[PDB]
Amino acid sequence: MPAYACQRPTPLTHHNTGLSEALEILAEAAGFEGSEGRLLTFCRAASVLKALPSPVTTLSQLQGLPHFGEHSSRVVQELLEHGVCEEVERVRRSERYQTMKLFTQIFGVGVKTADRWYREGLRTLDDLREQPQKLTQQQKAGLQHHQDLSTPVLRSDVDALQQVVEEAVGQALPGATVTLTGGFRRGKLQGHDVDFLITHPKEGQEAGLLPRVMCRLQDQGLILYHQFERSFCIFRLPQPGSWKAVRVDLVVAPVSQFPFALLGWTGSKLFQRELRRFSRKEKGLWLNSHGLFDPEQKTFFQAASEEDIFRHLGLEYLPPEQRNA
């Protein structure tokens, strides 16, 4: 088992679901306390289990696996022996965890804002609604639409959104293309948001495109909220006899950068952090969603595909459906 998640296939569904979910509770709780290091370790240990070819049945099977030390191994041992881990259950039913999770899941609210609200005694969404004076425009939108935004987005929803985005993009710039990214590109059947990457085959024609796209969507009455190259919107998606709010991200990249932006926006989050860590620490190259930089020769690697990028990093190619780290 390789030590970096970008070195191993990770499918969407796997053979250690319960174990990985428990470790990801502890990872999330570490984040709510600001312990980014512990969050990462628990996230990586969870992802190792997702990559295994069969169920862990015995503690012996953890020996030699990367990111399993005393703590993550104890968690697994208790779940193997009792079907529950007392630490995990204590986190689950703690008022701190429940409230931080409820608050941070609001669009516009991060750990730091949720933490300050928690320290102020706030616990519920209606607590936040009673003092709108204390909210940003973005948070007011996230709270107004919170119920819809908590409802799973389905693939049928995605196909309808993509057609309307393509129609606005085609008017903004003939020849521009729309690619579905994020978790749907990794094969998920449901999601909590939809992500699109927009480019044009003639380098430079994409400049100025996103304002033109947004203005057209707004004029069609489709934009419930928006605020450049990245747009974090809330779309009005028609539904049987009604509609629902859906989070949509629209991103523009020049075709020279498109492989890097595709790679980054396709995720997963952990996969991209691990890929960039691997790039820098093992290969001495600096990766982001714009490009891959050699800091010794001071040159950018030209890529025509994701396959190019994996090759330039010395990694076996992984299709999106195996990047579910």
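Take the two forms, superpose them, and find the largest set of C-alpha atoms that agree within 1.5 Å; that set is the rigid core. Residue positions are given as counts along the sequence shown, with the first one as 1.
Greater average departure of CA atoms from the shown form, over structures and residues in 8 other deposited structures of this protein after a core fit, characterises 211-219 among 121-129 and 211-219. Take 267-275 and 50-58, fit the other structures onto the shown form by the rigid core, and average the C-alpha distances in 8 other deposited structures of this protein: the farther stretch is 50-58. In this entry, residue 77 and residue 78 are joined directly, with no residue of the deposited sequence lacking coordinates between them. The PDB entry records a higher mean C-alpha B factor for 239-247 than for its counterpart among 239-247 and 94-102.
Two stretches are in play, 119-127 and 171-179, and the higher mean C-alpha B-factor belongs to 119-127. Ranking 255, 197, 194, 141 by the C-alpha B-factor listed in the PDB entry places 141 at the top. Looking only at 266, 54, 60, 41, the residue with the top Cα B factor in the deposited structure is 60. Per the deposited record, the Cα B-factor of residue 65 falls in the highest third when ranked against the other modelled residues of its chain. Per-chain ranking of the deposited C-alpha B factor places residue 34 in the highest third. When the modelled residues of the chain are ordered by their C-alpha B factor, residue 298 lands in the highest third. When the modelled residues of the chain are ordered by C-alpha B-factor, residue 107 sits in the middle third. In the deposited entry, the Cα temperature factor of residue 187 sits in the bottom third of values across the chain's modelled residues.
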